[PDB]
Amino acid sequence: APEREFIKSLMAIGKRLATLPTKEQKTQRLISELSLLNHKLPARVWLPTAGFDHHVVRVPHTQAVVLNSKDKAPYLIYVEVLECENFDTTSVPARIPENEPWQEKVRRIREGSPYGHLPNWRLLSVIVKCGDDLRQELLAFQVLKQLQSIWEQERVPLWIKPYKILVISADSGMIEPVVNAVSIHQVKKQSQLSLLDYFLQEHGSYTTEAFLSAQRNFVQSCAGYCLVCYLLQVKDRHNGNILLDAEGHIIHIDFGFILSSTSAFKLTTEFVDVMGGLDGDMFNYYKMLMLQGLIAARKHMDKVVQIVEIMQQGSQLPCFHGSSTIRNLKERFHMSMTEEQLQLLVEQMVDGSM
């Protein structure tokens, strides 16, 4: 499989970075390795996350990043590709010698690239995870796609961003990154502000449309991911694993600890202050969206449970501790309860989150 030799050498770099002790040391090896890998490009190799036929021409080593984590060495790359009509039939491009928002990232790399002038030039971006098992993430991705359209169909304006997972092996794979987004940890570290103060500074003040729309996005995304976290039993929830985007949505990531596999969905005081406090209109709206999404989820529960059963049946997954996993999942929809008892459930759920 020469067409995968790009993939195998990428996963090798990842395993090597897991040997190095510090981010600084991982960065310098990543650069060194990618620089070496450009000597083997351009080639008849793909990056499987893309939706179109292409050949990988170049990997700019200066723009690759080692990401934070406890154990492993996850790293982000920006892969340059020339698009083609067909993968197998179109000739591999000749090698042309050498000498933040997405549009700027694209512009700056394109201007610096020897391939950037060409009409078929495209830039793709992927996070490479080696060591970790992304079947957990991939199940979550599918449940997210399903829930998104359950809320689309019943007119409920909850908001979640499913991101594409690609399982290469049992202990490796690829995640497509969220582009306009940084961790809540990083926002707080860089700004030295509360989340409310960050909103007020970055978007605008309490009565501006910029704020109110960003606050609306924040509320809708929290309520969305709160239900996701309850239904899927998502653990490992911290400001490292929650992103904030340029529009003011939150994005939960890293659904590796779900179902039968402390650390639950915490609604912090600083989160509640972004919604104008407990005795407030947008917090009442947050509680409404949780109730509205849950009734929409109850009616369409077969469409989710289908997706769960299809991904466990051909695995020996750690989250699947036998048929208790679907049994407990089903019970979390609470079909026997009334809508009045579901209000009390939502209220008890929010109290538990605080």
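In case it trips you up, residue 1 is the first one in the sequence shown, and so on.
Missing deposited residues between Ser261 and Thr262: 4 to 9, all without coordinates in the entry. According to the record, the deposited sequence contains 10 or more residues between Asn99 and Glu100 that were left without coordinates. Set 109-117 against 179-187 and average the Cα temperature factors; 109-117 ends up higher. According to the PDB record, 87-95 carries the higher mean C-alpha B-factor of the two stretches 234-242 and 87-95.
Per the PDB entry, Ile295 shows the highest C-alpha temperature factor of the residues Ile31, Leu37, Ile295, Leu67. Ranked against the other modelled residues of its chain, the C-alpha B-factor of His61 as given in the entry falls in the middle third. For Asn284, the recorded CA temperature factor ranks within the highest third of the chain's modelled residues.
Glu154: CA B factor in the highest third of modelled residues in this chain (values from the PDB entry). Per the PDB record, residue ranking by Cα B-factor puts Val126 in the lowest third of the chain.
When the modelled residues of the chain are ordered by C-alpha B-factor, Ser336 sits in the highest third.
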